[PDB]
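Worksheet: the structure to be examined is printed underneath.
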Amino acid sequence: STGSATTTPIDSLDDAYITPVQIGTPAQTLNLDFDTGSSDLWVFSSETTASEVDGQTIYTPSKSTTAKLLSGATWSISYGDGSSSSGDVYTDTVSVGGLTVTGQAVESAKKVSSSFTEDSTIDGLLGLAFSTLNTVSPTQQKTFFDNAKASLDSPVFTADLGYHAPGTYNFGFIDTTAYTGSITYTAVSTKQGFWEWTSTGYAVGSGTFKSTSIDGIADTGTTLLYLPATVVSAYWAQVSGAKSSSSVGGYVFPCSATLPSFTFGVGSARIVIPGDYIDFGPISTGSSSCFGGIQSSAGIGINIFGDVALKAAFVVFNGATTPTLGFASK
């Protein structure tokens, strides 16, 4: 089997991407944030504290003839941005772009933190990291990909995120029309539960490539590119007036600037992030100070190849017995 679904930016800045997902019988369609940096499929629901729902579409298990309470199971998760959610668990039929999993754990939120409430466009998350990170207790549950894998034509999914435009998540096949050149594959460590790999270096604009190992994660659920302070300083030093602002919480730059590109290495291959991808607009409405899309990972404890990086590439998440990651230009 295969599946193919379009993923759409939630706003004009590509702060996140939503993909429609069918849950239950008859189908209830929710727009979920596909997140290769976590492993829980959770939704706003009829059980979510009413004051914490503000415009989201909810899953109502009592209206699904295939929903079953997973008795005794609970879940609770906290994300790198400080947000969180928790609740109980149902199993139900879940379909993405024509690909159907029966008996998928659907984690129903009883509580969500303010940032989820305040974002009316995201109805929940669909985790695509390794199932060892799933938070369901006392019986850990499998991700949608893990459950689908054996049925797929090939044990892969691909992320093709757009810049200020829709893109595609495919399951079970590689669309050879969706990228240019060849796909370069690189080793993955699953020891922390993430799609963790090592970039071979970087360049700033038309500058020379610096060969240096940068361990990090491929994370579709993080907006920006978070790299070591040395790398980030070298980038922003090429933008007149750019500076790190403690008050704002990162590098800012004059909105009048034209930003240089940023290149990262995948083996002997190179992915180029155009400068415009690195512009996240005014820090506050009407400001002439703009927020940078490349930020320091210092004090995160891990480097994160988030959407800024991933949307410059066609990315293969290869869930074969030994997982790997593939990157192509597009």
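For the structure tokens, the naming scheme is as follows: chains receive sequential letters (A, B, ...) according to their order of presentation, residues are indexed from 1 within each chain, and ligands are indexed from 1 in presentation order.
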**Message:** List the spatial neighbours of residue 100 (chain A) as a ChimeraX atom specification - criterion: any atom at most 12 Å away, only C-alpha atoms, same-chain residues fewer than 3 positions off excluded.
**Reply:** /A:1-4,21-24,27,92-97,103-104,144-145,147-149,151-152,171
For the residues selected in the previous step, produce a file with N, CA, C and O atoms as a compact mmCIF listing (two decimals), in the first residue's frame.
```
# COMPACT_ATOMS: atom_id res chain seq x y z
N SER A 1 0.85 -1.22 0.00
CA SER A 1 0.00 0.00 0.00
C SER A 1 0.87 1.24 0.00
O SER A 1 2.07 1.18 0.28
N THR A 2 0.24 2.37 -0.31
CA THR A 2 0.87 3.68 -0.20
C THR A 2 -0.16 4.70 0.28
O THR A 2 -1.36 4.43 0.26
N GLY A 3 0.32 5.87 0.70
CA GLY A 3 -0.52 7.03 0.95
C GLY A 3 0.17 8.28 0.47
O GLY A 3 1.40 8.32 0.38
N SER A 4 -0.61 9.30 0.15
CA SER A 4 -0.08 10.58 -0.30
C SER A 4 -1.03 11.67 0.16
O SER A 4 -2.21 11.66 -0.20
N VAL A 21 -6.17 14.36 8.22
CA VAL A 21 -6.14 12.97 8.66
C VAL A 21 -7.55 12.54 8.97
O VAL A 21 -8.28 13.25 9.66
N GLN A 22 -7.94 11.38 8.47
CA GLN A 22 -9.27 10.82 8.72
C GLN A 22 -9.22 9.88 9.91
O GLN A 22 -8.43 8.93 9.93
N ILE A 23 -10.08 10.13 10.90
CA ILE A 23 -10.12 9.33 12.13
C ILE A 23 -11.55 8.83 12.35
O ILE A 23 -12.49 9.62 12.33
N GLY A 24 -11.70 7.52 12.57
CA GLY A 24 -12.99 6.98 12.96
C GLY A 24 -13.92 6.63 11.82
O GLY A 24 -13.60 6.79 10.64
N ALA A 27 -15.73 8.91 8.91
CA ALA A 27 -14.51 9.68 9.06
C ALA A 27 -14.77 11.02 9.72
O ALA A 27 -15.73 11.71 9.40
N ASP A 92 -8.61 3.45 17.09
CA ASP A 92 -9.58 3.70 16.04
C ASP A 92 -8.88 3.57 14.68
O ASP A 92 -7.65 3.43 14.60
N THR A 93 -9.66 3.65 13.61
CA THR A 93 -9.13 3.61 12.26
C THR A 93 -8.65 4.99 11.86
O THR A 93 -9.38 5.98 12.02
N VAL A 94 -7.42 5.06 11.36
CA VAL A 94 -6.79 6.33 10.97
C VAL A 94 -6.29 6.18 9.55
O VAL A 94 -5.60 5.21 9.23
N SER A 95 -6.63 7.14 8.69
CA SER A 95 -6.18 7.13 7.30
C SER A 95 -5.50 8.44 6.95
O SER A 95 -5.99 9.52 7.32
N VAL A 96 -4.40 8.33 6.23
CA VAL A 96 -3.64 9.48 5.74
C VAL A 96 -3.46 9.30 4.24
O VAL A 96 -2.80 8.37 3.79
N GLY A 97 -4.07 10.19 3.47
CA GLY A 97 -3.85 10.19 2.04
C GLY A 97 -4.16 8.86 1.38
O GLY A 97 -3.46 8.48 0.45
N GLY A 103 -6.82 0.06 14.39
CA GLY A 103 -6.29 -0.14 15.73
C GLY A 103 -5.20 0.85 16.12
O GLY A 103 -4.43 0.59 17.04
N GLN A 104 -5.11 1.98 15.42
CA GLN A 104 -4.16 3.03 15.79
C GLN A 104 -4.52 3.66 17.12
O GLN A 104 -5.68 4.01 17.36
N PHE A 144 1.82 5.84 13.79
CA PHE A 144 1.10 5.53 12.57
C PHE A 144 2.03 4.88 11.54
O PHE A 144 1.67 3.89 10.90
N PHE A 145 3.24 5.41 11.38
CA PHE A 145 4.20 4.83 10.44
C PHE A 145 4.61 3.41 10.85
O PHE A 145 4.65 2.51 10.03
N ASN A 147 2.93 1.29 12.61
CA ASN A 147 1.80 0.39 12.37
C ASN A 147 1.59 0.10 10.88
O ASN A 147 1.23 -1.03 10.53
N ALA A 148 1.83 1.08 10.01
CA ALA A 148 1.62 0.91 8.57
C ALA A 148 2.74 0.17 7.87
O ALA A 148 2.54 -0.38 6.79
N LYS A 149 3.92 0.19 8.47
CA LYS A 149 5.17 -0.17 7.77
C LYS A 149 5.12 -1.50 7.01
O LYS A 149 5.53 -1.57 5.85
N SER A 151 2.79 -3.08 5.77
CA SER A 151 1.84 -3.08 4.66
C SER A 151 2.32 -2.22 3.48
O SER A 151 1.84 -2.38 2.36
N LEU A 152 3.27 -1.33 3.75
CA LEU A 152 3.76 -0.41 2.72
C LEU A 152 4.56 -1.09 1.62
O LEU A 152 5.27 -2.06 1.87
N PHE A 171 3.79 8.09 1.87
CA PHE A 171 4.07 6.89 2.63
C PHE A 171 4.19 5.72 1.68
O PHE A 171 3.30 5.48 0.87
```
**Prompt:** Which polymer residues have any atom within 7 Å of an atom of residue 219 (chain A), counting only C-alpha atoms, with same-chain residues fewer than 5 positions away left out, as a PyMOL selection string?
**Reply:** chain A and resi 35-37+304-306
**Length of the CA of residue 170 (chain A) to CA of residue 326 (chain A) vector [Å]** = 13.9 Å
**Request:** Name the residues of region 85-272 of chain A that fall into strand (DSSP E) according to DSSP on the backbone, using the chain letters and numbers of this document, as a PyMOL selection string.
**Result:** chain A and resi 85-96+99-112+124-127+156-160+167-171+184-187+196-204+210-218+225-227+243-245+250-254+262-266+269-272
Could you write out that same residue set with C-alpha atoms as a PDB file, in the first residue's frame?
```
ATOM      1  CA  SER A  85      -0.800  18.117  26.557  1.00  0.00           C
ATOM      2  CA  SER A  86      -2.200  15.013  28.241  1.00  0.00           C
ATOM      3  CA  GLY A  87      -5.222  12.735  28.338  1.00  0.00           C
ATOM      4  CA  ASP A  88      -6.524   9.217  27.735  1.00  0.00           C
ATOM      5  CA  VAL A  89      -6.414   6.870  24.741  1.00  0.00           C
ATOM      6  CA  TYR A  90      -8.691   5.257  22.182  1.00  0.00           C
ATOM      7  CA  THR A  91      -7.900   2.916  19.342  1.00  0.00           C
ATOM      8  CA  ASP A  92      -9.583   3.700  16.037  1.00  0.00           C
ATOM      9  CA  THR A  93      -9.125   3.608  12.258  1.00  0.00           C
ATOM     10  CA  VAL A  94      -6.793   6.326  10.965  1.00  0.00           C
ATOM     11  CA  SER A  95      -6.175   7.129   7.304  1.00  0.00           C
ATOM     12  CA  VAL A  96      -3.635   9.479   5.741  1.00  0.00           C
ATOM     13  CA  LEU A  99      -3.393   4.725   3.590  1.00  0.00           C
ATOM     14  CA  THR A 100      -5.382   3.117   6.412  1.00  0.00           C
ATOM     15  CA  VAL A 101      -4.256   1.743   9.785  1.00  0.00           C
ATOM     16  CA  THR A 102      -6.794  -0.061  11.962  1.00  0.00           C
ATOM     17  CA  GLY A 103      -6.292  -0.137  15.730  1.00  0.00           C
ATOM     18  CA  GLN A 104      -4.163   3.028  15.794  1.00  0.00           C
ATOM     19  CA  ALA A 105      -3.741   4.612  19.209  1.00  0.00           C
ATOM     20  CA  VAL A 106      -5.478   7.988  19.088  1.00  0.00           C
ATOM     21  CA  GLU A 107      -4.553   9.961  22.186  1.00  0.00           C
ATOM     22  CA  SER A 108      -7.442  12.165  23.260  1.00  0.00           C
ATOM     23  CA  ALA A 109      -6.451  15.402  24.983  1.00  0.00           C
ATOM     24  CA  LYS A 110      -8.089  16.237  28.292  1.00  0.00           C
ATOM     25  CA  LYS A 111      -5.714  19.180  28.814  1.00  0.00           C
ATOM     26  CA  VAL A 112      -3.584  21.269  26.453  1.00  0.00           C
ATOM     27  CA  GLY A 124      -3.391  17.807  17.076  1.00  0.00           C
ATOM     28  CA  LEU A 125      -0.059  16.147  16.280  1.00  0.00           C
ATOM     29  CA  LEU A 126       0.888  12.988  14.407  1.00  0.00           C
ATOM     30  CA  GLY A 127       4.250  11.756  15.641  1.00  0.00           C
ATOM     31  CA  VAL A 156       9.612   4.714   3.998  1.00  0.00           C
ATOM     32  CA  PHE A 157       7.904   8.052   4.215  1.00  0.00           C
ATOM     33  CA  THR A 158       8.974  11.303   2.568  1.00  0.00           C
ATOM     34  CA  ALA A 159       8.630  14.963   3.515  1.00  0.00           C
ATOM     35  CA  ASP A 160       8.458  17.534   0.739  1.00  0.00           C
ATOM     36  CA  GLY A 167       3.872  20.293  -0.127  1.00  0.00           C
ATOM     37  CA  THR A 168       3.469  16.551   0.294  1.00  0.00           C
ATOM     38  CA  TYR A 169       3.904  13.679   2.735  1.00  0.00           C
ATOM     39  CA  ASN A 170       4.125  10.309   0.976  1.00  0.00           C
ATOM     40  CA  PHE A 171       4.074   6.893   2.635  1.00  0.00           C
ATOM     41  CA  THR A 184      22.102  11.104  -0.808  1.00  0.00           C
ATOM     42  CA  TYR A 185      21.550   8.751   2.117  1.00  0.00           C
ATOM     43  CA  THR A 186      23.218   9.181   5.492  1.00  0.00           C
ATOM     44  CA  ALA A 187      23.345   7.111   8.680  1.00  0.00           C
ATOM     45  CA  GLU A 196      19.419  11.726  14.352  1.00  0.00           C
ATOM     46  CA  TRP A 197      22.173  12.139  11.762  1.00  0.00           C
ATOM     47  CA  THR A 198      25.462  13.999  11.198  1.00  0.00           C
ATOM     48  CA  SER A 199      25.787  16.798   8.666  1.00  0.00           C
ATOM     49  CA  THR A 200      29.218  17.096   7.080  1.00  0.00           C
ATOM     50  CA  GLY A 201      29.458  20.888   7.306  1.00  0.00           C
ATOM     51  CA  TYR A 202      28.174  24.230   6.082  1.00  0.00           C
ATOM     52  CA  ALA A 203      28.668  27.350   3.981  1.00  0.00           C
ATOM     53  CA  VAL A 204      27.338  30.887   4.312  1.00  0.00           C
ATOM     54  CA  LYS A 210      33.560  24.335   6.168  1.00  0.00           C
ATOM     55  CA  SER A 211      33.962  20.613   6.734  1.00  0.00           C
ATOM     56  CA  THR A 212      32.801  19.846  10.244  1.00  0.00           C
ATOM     57  CA  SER A 213      30.534  17.218  11.802  1.00  0.00           C
ATOM     58  CA  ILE A 214      27.203  18.528  13.075  1.00  0.00           C
ATOM     59  CA  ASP A 215      25.019  15.969  14.872  1.00  0.00           C
ATOM     60  CA  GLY A 216      21.334  16.847  14.826  1.00  0.00           C
ATOM     61  CA  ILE A 217      17.771  15.704  14.260  1.00  0.00           C
ATOM     62  CA  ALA A 218      15.479  15.948  11.256  1.00  0.00           C
ATOM     63  CA  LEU A 225      17.100  25.655  12.077  1.00  0.00           C
ATOM     64  CA  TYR A 226      18.998  25.388  15.385  1.00  0.00           C
ATOM     65  CA  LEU A 227      22.777  24.963  15.084  1.00  0.00           C
ATOM     66  CA  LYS A 243      22.512  40.827  16.471  1.00  0.00           C
ATOM     67  CA  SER A 244      21.485  38.413  19.168  1.00  0.00           C
ATOM     68  CA  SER A 245      18.778  39.935  21.335  1.00  0.00           C
ATOM     69  CA  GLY A 250      17.435  35.119  19.456  1.00  0.00           C
ATOM     70  CA  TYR A 251      19.058  36.669  16.438  1.00  0.00           C
ATOM     71  CA  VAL A 252      17.236  39.557  14.817  1.00  0.00           C
ATOM     72  CA  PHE A 253      18.133  41.528  11.716  1.00  0.00           C
ATOM     73  CA  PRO A 254      16.976  44.642   9.876  1.00  0.00           C
ATOM     74  CA  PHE A 262      22.933  28.768   4.011  1.00  0.00           C
ATOM     75  CA  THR A 263      24.296  25.448   2.754  1.00  0.00           C
ATOM     76  CA  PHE A 264      24.472  22.240   4.790  1.00  0.00           C
ATOM     77  CA  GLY A 265      26.308  19.032   3.906  1.00  0.00           C
ATOM     78  CA  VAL A 266      24.806  15.573   3.533  1.00  0.00           C
ATOM     79  CA  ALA A 269      26.226  16.433  -1.252  1.00  0.00           C
ATOM     80  CA  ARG A 270      25.003  19.949  -0.468  1.00  0.00           C
ATOM     81  CA  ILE A 271      21.546  21.380   0.299  1.00  0.00           C
ATOM     82  CA  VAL A 272      21.174  25.118  -0.231  1.00  0.00           C
TER      83      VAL A 272
END
```
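Put simply, CA of residue 41 (chain A) is 21.4 Å away from CA of residue 14 (chain A).
Proximity ranking of A:207, A:72, A:155, A:61 relative to residue 319 (chain A) places A:155 first, based on only C-alpha atoms.
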**Message:** Quick check for you: according to DSSP on this backbone, which residues of region 211-307 of chain A are classed as alpha helix (DSSP H)? Reply as a PyMOL selection string.
**Reply:** chain A and resi 229-236+307
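Minimum distance to residue 303 (chain A) across A:222, A:287, A:233, A:261 (counting only C-alpha atoms) occurs at A:222.
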**Message:** I'd like to know which of A:220, A:141, A:130, A:114 is closest to residue 18 (chain A), using only C-alpha atoms.
**Reply:** A:220
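Using only C-alpha atoms for every distance, the candidate list A:42, A:116, A:179, A:314 yields A:116 as the residue closest to residue 54 (chain A).
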**Message:** So the first atom is CA of residue 164 (chain A) and the second is CA of residue 194 (chain A); what is the distance between them in Å, to one decimal place?
**Reply:** 26.3 Å
**Message:** Which residues are close to residue 205 (chain A), i.e. within 9 Å by only C-alpha atoms, leaving aside same-chain residues fewer than 3 positions away? Reply as a VMD selection string.
**Reply:** chain A and resid 208 235 238 259 to 263 274 to 275
Expected file contents, prior selection, N, CA, C and O atoms, as a PDB file, in the first residue's frame:
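Contents of selection.pdb, as written:
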```pdb
ATOM      1  N   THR A 208      33.232  29.725   1.258  1.00  0.00           N
ATOM      2  CA  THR A 208      33.782  28.382   1.191  1.00  0.00           C
ATOM      3  C   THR A 208      33.117  27.438   2.198  1.00  0.00           C
ATOM      4  O   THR A 208      32.726  27.833   3.303  1.00  0.00           O
ATOM      5  N   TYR A 235      27.053  32.864  10.351  1.00  0.00           N
ATOM      6  CA  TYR A 235      25.983  33.235   9.431  1.00  0.00           C
ATOM      7  C   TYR A 235      25.585  34.707   9.615  1.00  0.00           C
ATOM      8  O   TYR A 235      25.625  35.509   8.668  1.00  0.00           O
ATOM      9  N   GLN A 238      27.371  37.943   8.507  1.00  0.00           N
ATOM     10  CA  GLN A 238      27.292  38.393   7.113  1.00  0.00           C
ATOM     11  C   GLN A 238      26.089  39.292   6.810  1.00  0.00           C
ATOM     12  O   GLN A 238      25.906  39.708   5.667  1.00  0.00           O
ATOM     13  N   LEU A 259      19.029  38.516   2.842  1.00  0.00           N
ATOM     14  CA  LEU A 259      19.766  37.495   3.576  1.00  0.00           C
ATOM     15  C   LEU A 259      20.562  36.590   2.648  1.00  0.00           C
ATOM     16  O   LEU A 259      20.091  36.241   1.570  1.00  0.00           O
ATOM     17  N   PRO A 260      21.769  36.180   3.075  1.00  0.00           N
ATOM     18  CA  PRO A 260      22.524  35.181   2.318  1.00  0.00           C
ATOM     19  C   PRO A 260      21.922  33.784   2.485  1.00  0.00           C
ATOM     20  O   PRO A 260      21.213  33.507   3.460  1.00  0.00           O
ATOM     21  N   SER A 261      22.205  32.914   1.526  1.00  0.00           N
ATOM     22  CA  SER A 261      21.817  31.520   1.642  1.00  0.00           C
ATOM     23  C   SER A 261      22.639  30.828   2.718  1.00  0.00           C
ATOM     24  O   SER A 261      23.628  31.372   3.207  1.00  0.00           O
ATOM     25  N   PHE A 262      22.206  29.620   3.081  1.00  0.00           N
ATOM     26  CA  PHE A 262      22.933  28.768   4.011  1.00  0.00           C
ATOM     27  C   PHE A 262      22.946  27.365   3.426  1.00  0.00           C
ATOM     28  O   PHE A 262      21.908  26.825   3.082  1.00  0.00           O
ATOM     29  N   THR A 263      24.133  26.784   3.303  1.00  0.00           N
ATOM     30  CA  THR A 263      24.296  25.448   2.754  1.00  0.00           C
ATOM     31  C   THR A 263      24.654  24.488   3.871  1.00  0.00           C
ATOM     32  O   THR A 263      25.517  24.806   4.689  1.00  0.00           O
ATOM     33  N   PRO A 274      17.778  28.896   0.494  1.00  0.00           N
ATOM     34  CA  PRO A 274      17.832  30.292   0.037  1.00  0.00           C
ATOM     35  C   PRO A 274      17.651  31.284   1.180  1.00  0.00           C
ATOM     36  O   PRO A 274      16.965  31.010   2.160  1.00  0.00           O
ATOM     37  N   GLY A 275      18.256  32.458   1.042  1.00  0.00           N
ATOM     38  CA  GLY A 275      18.162  33.485   2.062  1.00  0.00           C
ATOM     39  C   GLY A 275      16.743  33.817   2.484  1.00  0.00           C
ATOM     40  O   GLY A 275      16.468  34.005   3.675  1.00  0.00           O
TER      41      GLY A 275
END
```
